[PDB]
Amino acid sequence: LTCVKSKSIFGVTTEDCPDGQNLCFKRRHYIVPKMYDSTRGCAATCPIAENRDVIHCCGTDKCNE
């Protein structure tokens, strides 16, 4: 599995996930309403949506882009 690790106006980083990490995630952490910072990566289990988080997990290559 490959997951996007960074995606910006400057470039994109893709990671081949290590053994045991067969999910990609994209986490949107909201600072104020309708404004948020996005983090992405591989994961073994879908990360917990903590305070102010919306988290999407998926299982195909670069599905979190």
# chains A, B, ... in the order shown; residues from 1 in each chain; ligands from 1
call {"tool": "residues_around", "arguments": {"residues": "region 32-45 of chain A", "least_positions_apart": "2", "cutoff": "7 Å", "atoms": "only C-alpha atoms", "output": "list in words"}}
result
residues 3, 4, 5, 6, 17, 20, 21, 22, 23, 24, 25, 26, 27, 28, 29, 30, 47 and 64 of chain A
call {"tool": "write_last_selection", "arguments": {"atoms": "N, CA and C atoms", "output": "tab-separated table (two decimals), in the first residue's frame"}}
result
chain	number	residue	atom	x	y	z
A	3	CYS	N	0.53	5.47	0.49
A	3	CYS	CA	-0.31	6.55	0.97
A	3	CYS	C	0.39	7.88	0.74
A	4	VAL	N	-0.40	8.90	0.43
A	4	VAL	CA	0.13	10.25	0.41
A	4	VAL	C	0.50	10.66	1.83
A	5	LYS	N	1.69	11.24	1.97
A	5	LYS	CA	2.22	11.69	3.25
A	5	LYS	C	2.20	13.20	3.39
A	6	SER	N	2.33	13.91	2.28
A	6	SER	CA	2.25	15.36	2.23
A	6	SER	C	1.71	15.76	0.86
A	17	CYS	N	3.72	1.97	2.60
A	17	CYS	CA	3.47	1.70	4.00
A	17	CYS	C	4.27	0.50	4.48
A	20	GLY	N	2.07	-4.33	8.13
A	20	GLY	CA	1.12	-4.13	9.20
A	20	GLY	C	0.30	-2.87	9.08
A	21	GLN	N	0.73	-1.90	8.27
A	21	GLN	CA	0.01	-0.65	8.08
A	21	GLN	C	-0.64	-0.72	6.70
A	22	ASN	N	-1.89	-1.17	6.68
A	22	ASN	CA	-2.61	-1.37	5.43
A	22	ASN	C	-3.78	-0.40	5.27
A	23	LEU	N	-3.71	0.76	5.93
A	23	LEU	CA	-4.67	1.83	5.74
A	23	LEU	C	-3.94	3.14	5.49
A	24	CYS	N	-4.55	3.98	4.66
A	24	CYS	CA	-4.21	5.40	4.56
A	24	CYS	C	-5.23	6.20	5.36
A	25	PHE	N	-4.79	7.34	5.90
A	25	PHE	CA	-5.70	8.25	6.58
A	25	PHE	C	-5.45	9.68	6.12
A	26	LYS	N	-6.52	10.47	6.16
A	26	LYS	CA	-6.41	11.92	6.03
A	26	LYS	C	-7.16	12.54	7.19
A	27	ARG	N	-6.46	13.31	8.01
A	27	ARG	CA	-7.04	13.94	9.19
A	27	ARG	C	-7.18	15.43	8.96
A	28	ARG	N	-8.40	15.94	9.11
A	28	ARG	CA	-8.66	17.37	9.08
A	28	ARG	C	-8.87	17.86	10.51
A	29	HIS	N	-7.95	18.69	11.00
A	29	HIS	CA	-8.04	19.27	12.33
A	29	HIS	C	-8.50	20.71	12.19
A	30	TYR	N	-9.71	21.00	12.67
A	30	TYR	CA	-10.31	22.32	12.48
A	30	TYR	C	-9.82	23.30	13.54
A	47	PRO	N	-6.79	6.09	12.83
A	47	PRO	CA	-6.55	6.94	14.00
A	47	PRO	C	-7.85	7.47	14.60
A	64	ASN	N	-5.90	8.70	0.10
A	64	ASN	CA	-5.98	9.81	1.04
A	64	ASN	C	-5.43	11.11	0.47
call {"tool": "select_by_dssp", "arguments": {"residues": "chain A", "states": "strand (DSSP E or B)", "output": "ChimeraX atom specification"}}
result
/A:2-7,12-16,23-32,35-43,53-58
call {"tool": "residues_around", "arguments": {"residues": "residue 16 (chain A)", "least_positions_apart": "2", "cutoff": "8 Å", "atoms": "only C-alpha atoms", "output": "ChimeraX atom specification"}}
result
/A:1-3,14,18
call {"tool": "closest_residue", "arguments": {"among": "A:15, A:46, A:31, A:7", "to": "residue 65 (chain A)", "atoms": "only C-alpha atoms"}}
result
A:7
call {"tool": "decode", "arguments": {"residues": "region 21-33 of chain A", "atoms": "N, CA, C and O atoms", "output": "PDB file, in the first residue's frame"}}
result
ATOM      1  N   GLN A  21       0.735  -1.901   8.274  1.00  0.00           N
ATOM      2  CA  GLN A  21       0.013  -0.647   8.077  1.00  0.00           C
ATOM      3  C   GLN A  21      -0.639  -0.722   6.701  1.00  0.00           C
ATOM      4  O   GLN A  21      -0.029  -0.389   5.685  1.00  0.00           O
ATOM      5  N   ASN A  22      -1.890  -1.172   6.675  1.00  0.00           N
ATOM      6  CA  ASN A  22      -2.613  -1.369   5.429  1.00  0.00           C
ATOM      7  C   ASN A  22      -3.776  -0.399   5.273  1.00  0.00           C
ATOM      8  O   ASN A  22      -4.723  -0.686   4.537  1.00  0.00           O
ATOM      9  N   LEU A  23      -3.707   0.756   5.931  1.00  0.00           N
ATOM     10  CA  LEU A  23      -4.670   1.829   5.745  1.00  0.00           C
ATOM     11  C   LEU A  23      -3.944   3.141   5.487  1.00  0.00           C
ATOM     12  O   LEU A  23      -2.859   3.383   6.023  1.00  0.00           O
ATOM     13  N   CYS A  24      -4.553   3.985   4.655  1.00  0.00           N
ATOM     14  CA  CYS A  24      -4.214   5.399   4.562  1.00  0.00           C
ATOM     15  C   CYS A  24      -5.226   6.204   5.364  1.00  0.00           C
ATOM     16  O   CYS A  24      -6.391   5.818   5.473  1.00  0.00           O
ATOM     17  N   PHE A  25      -4.787   7.340   5.904  1.00  0.00           N
ATOM     18  CA  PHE A  25      -5.699   8.250   6.580  1.00  0.00           C
ATOM     19  C   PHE A  25      -5.453   9.677   6.118  1.00  0.00           C
ATOM     20  O   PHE A  25      -4.340  10.045   5.718  1.00  0.00           O
ATOM     21  N   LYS A  26      -6.516  10.475   6.163  1.00  0.00           N
ATOM     22  CA  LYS A  26      -6.409  11.920   6.029  1.00  0.00           C
ATOM     23  C   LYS A  26      -7.161  12.537   7.192  1.00  0.00           C
ATOM     24  O   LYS A  26      -8.360  12.285   7.354  1.00  0.00           O
ATOM     25  N   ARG A  27      -6.459  13.313   8.009  1.00  0.00           N
ATOM     26  CA  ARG A  27      -7.036  13.939   9.190  1.00  0.00           C
ATOM     27  C   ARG A  27      -7.182  15.434   8.955  1.00  0.00           C
ATOM     28  O   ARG A  27      -6.199  16.117   8.649  1.00  0.00           O
ATOM     29  N   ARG A  28      -8.401  15.940   9.105  1.00  0.00           N
ATOM     30  CA  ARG A  28      -8.656  17.375   9.081  1.00  0.00           C
ATOM     31  C   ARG A  28      -8.868  17.858  10.509  1.00  0.00           C
ATOM     32  O   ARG A  28      -9.848  17.476  11.157  1.00  0.00           O
ATOM     33  N   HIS A  29      -7.945  18.686  10.999  1.00  0.00           N
ATOM     34  CA  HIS A  29      -8.036  19.271  12.333  1.00  0.00           C
ATOM     35  C   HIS A  29      -8.505  20.715  12.186  1.00  0.00           C
ATOM     36  O   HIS A  29      -7.785  21.553  11.634  1.00  0.00           O
ATOM     37  N   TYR A  30      -9.712  21.005  12.674  1.00  0.00           N
ATOM     38  CA  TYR A  30     -10.307  22.321  12.478  1.00  0.00           C
ATOM     39  C   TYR A  30      -9.817  23.299  13.541  1.00  0.00           C
ATOM     40  O   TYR A  30      -9.877  23.010  14.740  1.00  0.00           O
ATOM     41  N   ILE A  31      -9.324  24.455  13.093  1.00  0.00           N
ATOM     42  CA  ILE A  31      -8.827  25.496  13.989  1.00  0.00           C
ATOM     43  C   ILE A  31      -9.988  26.423  14.322  1.00  0.00           C
ATOM     44  O   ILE A  31     -10.331  26.618  15.493  1.00  0.00           O
ATOM     45  N   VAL A  32     -10.598  26.996  13.291  1.00  0.00           N
ATOM     46  CA  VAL A  32     -11.823  27.779  13.414  1.00  0.00           C
ATOM     47  C   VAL A  32     -12.817  27.137  12.451  1.00  0.00           C
ATOM     48  O   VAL A  32     -12.417  26.251  11.681  1.00  0.00           O
ATOM     49  N   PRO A  33     -14.100  27.504  12.463  1.00  0.00           N
ATOM     50  CA  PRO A  33     -15.038  26.880  11.521  1.00  0.00           C
ATOM     51  C   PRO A  33     -14.599  27.068  10.076  1.00  0.00           C
ATOM     52  O   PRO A  33     -14.153  28.146   9.676  1.00  0.00           O
TER      53      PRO A  33
END
